[PDB]
Amino acid sequence: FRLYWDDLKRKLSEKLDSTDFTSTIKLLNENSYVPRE
Amino acid sequence: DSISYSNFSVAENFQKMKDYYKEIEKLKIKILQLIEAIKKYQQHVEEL
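Parameters at a glance
Residues numbered from 1 in each chain as written, not as in the entry; some residues may be left out. Chains lettered and ligands numbered in written order. Part of a larger assembly, values for the part shown. Heavy atoms only, no water. Salt bridge = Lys/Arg side-chain N within 4 Å of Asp/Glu carboxyl O. Helix = DSSP H or I, 4+ residues; strand = E, 2+ residues; numbered from the N terminus. Buried < 20%, exposed > 50% of the residue type's maximum accessible area, 1.4 Å probe, protein only. Contact = heavy atoms within 4.5 Å. Buried area = accessible area lost by both parts, 1.4 Å probe. Polar contact = N/O pair within 3.5 Å; in protein donor to acceptor, adjacent residues only side chain to side chain. Nonpolar A, V, L, I, M, F, W, Y, C, P; charged D, E, K, R; others polar.

Its PDB header attributes the entry to cryo-EM and lists the resolution as 3.80 Å.

**A few points about the pattern of salt bridges**
Residues and elements named next belong to chain B. Counted under the stated rule, the structure contains four salt bridges over all chains. Notably, a salt bridge pairs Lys40 with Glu36, separated by 3.3 Å at the nearest N-O pair. With a gap of four residues between them, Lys40 and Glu36 both fall in helix 1 (residues 2-47), about one helical turn apart. A residue is classified by how much of its surface remains accessible, and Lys40, at 53% relative accessible area, is exposed.

**Regarding the interface of chain A and chain B**
Contact with chain A, which involves five residues of that partner, is made by four residues of chain B. Both faces combined, the contact of chain A with chain B buries some 360 Å², and carbon together with sulfur accounts for 59% of it. Among the residues chain A hides against chain B, the three largest losses belong to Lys26, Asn29 and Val34 of chain A. Together they make up 64% of the total. Where chain A meets chain B, there are zero salt bridges. Here chain A and chain B share zero residue pairs in polar contact between them. Class assignment for the residues of the side of chain A that touches chain B results in two nonpolar, two polar and one charged.

Structure representation (structure tokens):
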């Protein structure tokens, strides 16, 4: 089958519901990356 | 992890405190030689 607009909206809400951004923002502040000129 | 965050700014604070203490050493030298000057000056005006 095909996918229309409302399927893409609810699927982005489902798949974006799970992940957590907080660890990645914590990872980009690690001692291996903290000064970045 | 929070102390690992705080190091970045604490280092600059300690650096500036070191700079001001170097200024204190220079002003100690200046105040010493000026007071010695004033002592020889009072010897001079006592000569006058």
